[PDB]
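Notes follow the structure.
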Amino acid sequence: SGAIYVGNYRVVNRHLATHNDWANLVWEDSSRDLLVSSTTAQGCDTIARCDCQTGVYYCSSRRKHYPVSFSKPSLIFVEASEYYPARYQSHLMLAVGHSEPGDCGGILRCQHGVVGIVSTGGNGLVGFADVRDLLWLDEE
Ligand SMILES: COc1cccc2c1CC[C@H]2N1C[C@@H](C(N)=O)CCC1=O
Ligand SMILES: [Zn+2]
């Protein structure tokens, strides 16, 4: 589990969104595994606006933050899970690292701020849903 709290937005994995998230929906995209809902309180996270390929992510199944090198956001084939059939997921970045299903929502960050959240895993790889192209998270 986990979310990004930027401005009056809460960014979560679409597959982990709550009824309150759907009832206060701003934007959602199944192909990216992302959903954004509105919040009453202002958040403290800042979004990175960069093309970094190195950063650090939080792994709840180890209680640890790991430094990783990750690929550029791309269209990647992801195997069937309890949340999605086998499909192409867009704006996904891969790194070598430990992940388990409940690690989804952990933040990946670089020197500029939050880059994305854990979205997929298995086989010693971890995939992150990028949020750096969502410029509207910084306003309104
Ligand atoms: C961090 O999220 C995960 C980590 C480990 C396992 C899994 C997740 C998300 C779902 C689940 N999953 C991953 C799929 C894949 N990407 O290879 C294959 C089958 C499967 O059940
Ligand atoms: Zn950066």
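Residue numbering restarts at 1 in every chain; chains get A, B, ... in the order shown in the structure tokens, and ligands count up from 1 in that same order.
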>> Show me which residues are within 6 Å of ligand 1 counting only C-alpha atoms and all ligand atoms, and format the list as a ChimeraX atom specification.
In response: /A:78-82,99-101,103-104,118-122
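All residues in range 36-84 of chain A with a DSSP state of strand (DSSP E or B), computed from the backbone, read residues 36, 37, 38, 39, 40, 41, 42, 43, 44, 47, 54, 55, 56, 57, 58, 59, 64, 65, 66, 67, 68, 69, 74, 75, 76, 77 and 78 of chain A.
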Preceding selection exported with N, CA and C atoms as a compact mmCIF listing (two decimals), in the first residue's frame:
# COMPACT_ATOMS: atom_id res chain seq x y z
N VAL A 36 -6.06 9.15 -9.25
CA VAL A 36 -5.84 10.34 -8.43
C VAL A 36 -7.17 10.81 -7.87
N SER A 37 -7.24 11.01 -6.55
CA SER A 37 -8.44 11.54 -5.90
C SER A 37 -8.11 12.86 -5.21
N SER A 38 -9.17 13.62 -4.86
CA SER A 38 -8.96 14.91 -4.20
C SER A 38 -8.88 14.76 -2.67
N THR A 39 -8.10 15.65 -2.01
CA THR A 39 -7.97 15.60 -0.56
C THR A 39 -8.39 16.94 0.07
N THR A 40 -8.79 16.88 1.34
CA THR A 40 -9.15 18.09 2.06
C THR A 40 -7.88 18.79 2.57
N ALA A 41 -6.89 18.02 3.06
CA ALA A 41 -5.63 18.62 3.55
C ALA A 41 -4.55 18.64 2.46
N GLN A 42 -3.64 19.62 2.51
CA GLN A 42 -2.54 19.73 1.55
C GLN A 42 -1.44 18.76 1.92
N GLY A 43 -0.86 18.13 0.91
CA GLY A 43 0.22 17.17 1.08
C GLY A 43 1.60 17.79 0.97
N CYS A 44 2.63 16.98 1.36
CA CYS A 44 4.02 17.46 1.44
C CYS A 44 4.96 16.94 0.37
N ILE A 47 6.73 16.56 -6.82
CA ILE A 47 6.99 15.69 -7.95
C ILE A 47 8.26 16.09 -8.69
N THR A 54 18.27 6.98 -12.03
CA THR A 54 18.71 6.41 -10.77
C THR A 54 17.92 7.08 -9.62
N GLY A 55 17.61 6.30 -8.61
CA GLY A 55 16.83 6.81 -7.49
C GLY A 55 16.78 5.78 -6.38
N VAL A 56 15.80 5.94 -5.46
CA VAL A 56 15.64 5.06 -4.31
C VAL A 56 14.17 4.73 -4.16
N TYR A 57 13.83 3.46 -3.92
CA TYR A 57 12.43 3.12 -3.67
C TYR A 57 12.20 2.46 -2.31
N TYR A 58 10.97 2.58 -1.76
CA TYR A 58 10.63 1.93 -0.51
C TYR A 58 9.98 0.58 -0.78
N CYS A 59 10.53 -0.44 -0.10
CA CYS A 59 10.05 -1.84 -0.17
C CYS A 59 9.46 -2.25 1.18
N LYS A 64 12.74 -1.43 3.96
CA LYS A 64 13.99 -0.83 3.52
C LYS A 64 13.80 -0.02 2.28
N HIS A 65 14.64 1.01 2.15
CA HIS A 65 14.75 1.80 0.94
C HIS A 65 15.98 1.31 0.18
N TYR A 66 15.82 1.05 -1.14
CA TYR A 66 16.93 0.53 -1.95
C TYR A 66 17.27 1.48 -3.07
N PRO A 67 18.57 1.74 -3.28
CA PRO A 67 18.97 2.51 -4.47
C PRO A 67 18.88 1.63 -5.72
N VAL A 68 18.33 2.18 -6.78
CA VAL A 68 18.17 1.40 -8.02
C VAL A 68 18.45 2.23 -9.25
N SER A 69 18.86 1.53 -10.34
CA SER A 69 18.86 2.08 -11.70
C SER A 69 17.57 1.58 -12.37
N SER A 74 8.03 3.23 -20.40
CA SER A 74 7.79 2.54 -21.66
C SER A 74 6.53 1.68 -21.59
N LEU A 75 6.19 1.06 -22.75
CA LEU A 75 5.06 0.14 -22.86
C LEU A 75 5.66 -1.26 -22.69
N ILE A 76 5.37 -1.92 -21.56
CA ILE A 76 5.94 -3.22 -21.18
C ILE A 76 4.84 -4.27 -20.99
N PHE A 77 5.09 -5.51 -21.42
CA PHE A 77 4.13 -6.59 -21.21
C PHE A 77 4.27 -7.08 -19.77
N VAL A 78 3.14 -7.07 -19.03
CA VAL A 78 3.11 -7.51 -17.65
C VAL A 78 2.23 -8.75 -17.55
Go through the chains and note each residue within 6 Å of ligand 2, using only C-alpha atoms and all ligand atoms, then give the set as a tab-separated table (two decimals) with N, CA and C atoms, in the first residue's frame.
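The resulting file, part_12.tsv, is reproduced below:
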chain	number	residue	atom	x	y	z
A	48	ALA	N	9.08	15.12	-9.04
A	48	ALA	CA	10.27	15.34	-9.86
A	48	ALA	C	9.87	15.69	-11.30
A	50	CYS	N	12.11	15.73	-14.45
A	50	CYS	CA	13.47	15.33	-14.88
A	50	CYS	C	13.46	14.05	-15.72
A	51	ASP	N	14.69	13.58	-16.18
A	51	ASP	CA	14.80	12.30	-16.86
A	51	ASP	C	15.82	11.41	-16.11
A	52	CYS	N	15.86	11.52	-14.75
A	52	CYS	CA	16.71	10.62	-13.95
A	52	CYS	C	16.37	9.16	-14.24
A	110	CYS	N	13.99	10.57	-6.69
A	110	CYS	CA	15.33	10.93	-7.14
A	110	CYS	C	15.72	12.22	-6.44
A	111	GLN	N	16.87	12.83	-6.85
A	111	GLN	CA	17.28	14.08	-6.26
A	111	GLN	C	16.26	15.23	-6.45
A	112	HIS	N	15.37	15.12	-7.44
A	112	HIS	CA	14.39	16.20	-7.75
A	112	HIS	C	13.03	16.04	-7.06
Spatial neighbours of residue 28 in chain A, 12 Å, only C-alpha atoms, chain gap at least 4 places, as a JSON list (two decimals) with N, CA, C and O atoms, in the first residue's frame:
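part-v6.json, written as the output of this step:
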[["chain", "number", "residue", "atom", "x", "y", "z"],
["A", 10, "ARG", "N", -4.24, 12.92, -4.04],
["A", 10, "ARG", "CA", -3.75, 11.64, -3.51],
["A", 10, "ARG", "C", -3.59, 10.72, -4.72],
["A", 10, "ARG", "O", -4.57, 10.49, -5.46],
["A", 11, "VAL", "N", -2.33, 10.28, -4.99],
["A", 11, "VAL", "CA", -2.04, 9.40, -6.14],
["A", 11, "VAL", "C", -1.82, 7.99, -5.63],
["A", 11, "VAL", "O", -0.94, 7.78, -4.79],
["A", 12, "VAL", "N", -2.64, 7.05, -6.09],
["A", 12, "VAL", "CA", -2.57, 5.65, -5.64],
["A", 12, "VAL", "C", -2.58, 4.71, -6.82],
["A", 12, "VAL", "O", -2.87, 5.11, -7.98],
["A", 13, "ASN", "N", -2.24, 3.42, -6.56],
["A", 13, "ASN", "CA", -2.37, 2.42, -7.62],
["A", 13, "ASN", "C", -3.89, 2.29, -7.89],
["A", 13, "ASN", "O", -4.68, 2.17, -6.93],
["A", 14, "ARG", "N", -4.29, 2.27, -9.17],
["A", 14, "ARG", "CA", -5.74, 2.15, -9.46],
["A", 14, "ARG", "C", -6.32, 0.88, -8.84],
["A", 14, "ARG", "O", -7.43, 0.91, -8.29],
["A", 15, "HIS", "N", -5.50, -0.20, -8.83],
["A", 15, "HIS", "CA", -6.01, -1.46, -8.31],
["A", 15, "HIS", "C", -6.19, -1.50, -6.79],
["A", 15, "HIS", "O", -6.77, -2.47, -6.27],
["A", 17, "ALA", "N", -7.33, 1.46, -5.15],
["A", 17, "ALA", "CA", -8.17, 2.62, -4.83],
["A", 17, "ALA", "C", -9.35, 2.21, -3.95],
["A", 17, "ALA", "O", -9.94, 1.13, -4.17],
["A", 21, "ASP", "N", -11.77, 7.06, -2.64],
["A", 21, "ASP", "CA", -11.03, 7.55, -3.81],
["A", 21, "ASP", "C", -11.97, 7.65, -5.05],
["A", 21, "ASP", "O", -11.94, 8.67, -5.75],
["A", 22, "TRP", "N", -12.77, 6.61, -5.33],
["A", 22, "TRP", "CA", -13.66, 6.64, -6.49],
["A", 22, "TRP", "C", -14.75, 7.72, -6.33],
["A", 22, "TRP", "O", -15.17, 8.28, -7.34],
["A", 24, "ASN", "N", -14.33, 10.60, -4.94],
["A", 24, "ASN", "CA", -13.68, 11.93, -5.01],
["A", 24, "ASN", "C", -12.65, 11.88, -6.15],
["A", 24, "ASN", "O", -11.53, 12.41, -6.04],
["A", 32, "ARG", "N", -2.12, 2.55, -17.10],
["A", 32, "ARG", "CA", -0.98, 3.01, -16.28],
["A", 32, "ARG", "C", -1.04, 2.52, -14.82],
["A", 32, "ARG", "O", -0.10, 2.77, -14.05],
["A", 33, "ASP", "N", -2.16, 1.87, -14.41],
["A", 33, "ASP", "CA", -2.39, 1.48, -13.03],
["A", 33, "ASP", "C", -2.37, 2.69, -12.08],
["A", 33, "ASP", "O", -1.95, 2.57, -10.93],
["A", 34, "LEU", "N", -2.93, 3.84, -12.52],
["A", 34, "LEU", "CA", -2.91, 5.03, -11.67],
["A", 34, "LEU", "C", -4.34, 5.59, -11.45],
["A", 34, "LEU", "O", -5.20, 5.53, -12.36],
["A", 35, "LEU", "N", -4.58, 6.12, -10.26],
["A", 35, "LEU", "CA", -5.80, 6.85, -9.93],
["A", 35, "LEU", "C", -5.43, 7.97, -9.02],
["A", 35, "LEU", "O", -4.57, 7.82, -8.12],
["A", 36, "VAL", "N", -6.06, 9.15, -9.25],
["A", 36, "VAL", "CA", -5.84, 10.34, -8.43],
["A", 36, "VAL", "C", -7.17, 10.81, -7.87],
["A", 36, "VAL", "O", -8.14, 10.94, -8.65],
["A", 37, "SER", "N", -7.24, 11.01, -6.55],
["A", 37, "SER", "CA", -8.44, 11.54, -5.90],
["A", 37, "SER", "C", -8.11, 12.86, -5.21],
["A", 37, "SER", "O", -6.93, 13.25, -5.05],
["A", 134, "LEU", "N", 2.85, 14.07, -15.47],
["A", 134, "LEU", "CA", 1.54, 14.59, -15.05],
["A", 134, "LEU", "C", 1.74, 15.97, -14.45],
["A", 134, "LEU", "O", 1.74, 16.15, -13.22]]
> With distances taken over only C-alpha atoms, which of A:70, A:5, A:136, A:128 is nearest to residue 90 in chain A?
Replying inline: A:128
>> For the helix (DSSP H, G or I) assignment from backbone DSSP, which residues of range 11-136 of chain A qualify? Please present them as a ChimeraX atom specification.
In response: /A:14-16,19-23,30-32,101-103,135-136
